[PDB]
Amino acid sequence: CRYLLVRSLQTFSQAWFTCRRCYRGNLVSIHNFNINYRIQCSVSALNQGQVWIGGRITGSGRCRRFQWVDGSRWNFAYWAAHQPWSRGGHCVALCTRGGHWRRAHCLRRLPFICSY
C-alpha cells in the first residue's frame, strides 16, 4: 500500500481531512508487519517523536475499542511496552523509534502519514 509523509504539525482532526482534501485519501491503515516497517524507515529522519496514524479509540464508557478511520478491519497491531491502557487519549500515534504505537489525545499537533 502507498503512503506519504507530511511534515507539518496538525491536530488529528485537521490531519485526517488534509489527506482527504489535498491528496484525496485517508490516514494509513496498517494490516501486516511489513507495511509498518516501511513506514518506520520513511520517518526515521524526523526529529519528531511521533506521527499520527488512522487509529481512533471508539467505544462508550468502559467499552474502550479500537478502529481505523478508513473503515478497514482491525487485524494487526504493534503496541509498545506499557500500552495501550491507563494512559493517553483516543487517537493512536506511531513512535518514530522502533515503530511502536502509543495512544494519544487527538488534539495534539504532530506530523502524520497519509495513505493514497
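Residues numbered from 1 in each chain as written, not as in the entry; some residues may be left out. Heavy atoms only, no water.

> Can you break down the nonpolar core residue by residue, with the values?
Within the largest apolar cluster, 18 residues are counted, with the highest numbers of intra-cluster contacts made by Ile30, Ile39, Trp101 and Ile113. Contributions of two or more residues to this core are made by α2 (33-43), β3 (50-58), β4 (65-68) and β5 (91-95). Membership of the second largest hydrophobic core comes to 14 residues, among which are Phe12, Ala93, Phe112 and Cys114. (Core = buried A, V, L, I, M, F, W, Y, C linked by side-chain atoms within 4.5 Å. Buried < 20%, exposed > 50% of the residue type's maximum accessible area, 1.4 Å probe, protein only. Helix = DSSP H or I, 4+ residues; strand = E, 2+ residues; numbered from the N terminus.)

> Give a detailed account of the state of the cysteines, specifying residues and quantitative values.
Linking two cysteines covalently via their sulfur atoms produces the bond known as a disulfide. As enumerated under the stated definition, the model contains two disulfides in all. The disulfide partner of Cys19 is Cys114, and the S-S distance across this bridge is 2.0 Å. On the S-S bond that ties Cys19 to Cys114, the torsion sits near -80°, and the link is left-handed. In this pair, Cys19 sits in helix α1 (residues 12-23) while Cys114 sits in strand β7 (residues 110-115), placing the two residues 95 residues apart along the sequence. A relative accessible area of 3% means that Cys114 is categorised as buried. (Disulfide = S-S within 2.5 Å.)

> I'd like a description of the UniProt feature "disulfide bond" in the protein, backed by residues and values.
Between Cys19 and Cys114, where UniProt records a disulfide, the sulfur-sulfur distance comes to 2.0 Å, consistent with the annotated bond. Judged by the under 2.5 Å criterion, the sulfur atoms of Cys91 and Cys106, which UniProt pairs in a disulfide, are close enough at 2.0 Å to be bonded in these coordinates. One end of the pair, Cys91, is in strand β5; the other, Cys106, is in the loop between β6 (101-104) and β7, and 15 residues separate them in sequence. The exposure class assigned to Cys91 is buried, which follows from its relative accessible area of 0%. (UniProt positions renumbered as here; feature names shortened; annotations may be inferred.)

> Outline α2, listing residues and values.
Helical geometry note: an α-helix holds 3.6 residues per turn, so side chains three or four residues apart project in the same direction. All of the buried residues along α2 are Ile35, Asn36, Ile39, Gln40 and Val43. Projected down its long axis, α2 carries its buried residues within an arc of 145°, all on one side. Seen from the buried face of α2, the exposed residues on the opposite side, beyond 90 degrees, are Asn34 and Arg38. Where the residues of α2 are buried, they touch β1 (4-10), β5, β6 and β7. Capping of α2 at its N-terminal end is provided by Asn32; its side-chain oxygen lies 3.3 Å from the backbone amide nitrogen of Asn34. (Arc of directions from axis to C-beta. Contact = heavy atoms within 4.5 Å. Polar contact = N/O pair within 3.5 Å; in protein donor to acceptor, adjacent residues only side chain to side chain.)

> Can you explain the side chain of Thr18? Please cite residues and give values.
The residue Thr18 is located in helix α1 in this model. Taking relative accessible area as the criterion, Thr18 reaches 15% and is therefore assigned buried. With sequence-adjacent residues up to four places away left out, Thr18 is seen in contact with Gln10, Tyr23 and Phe112.

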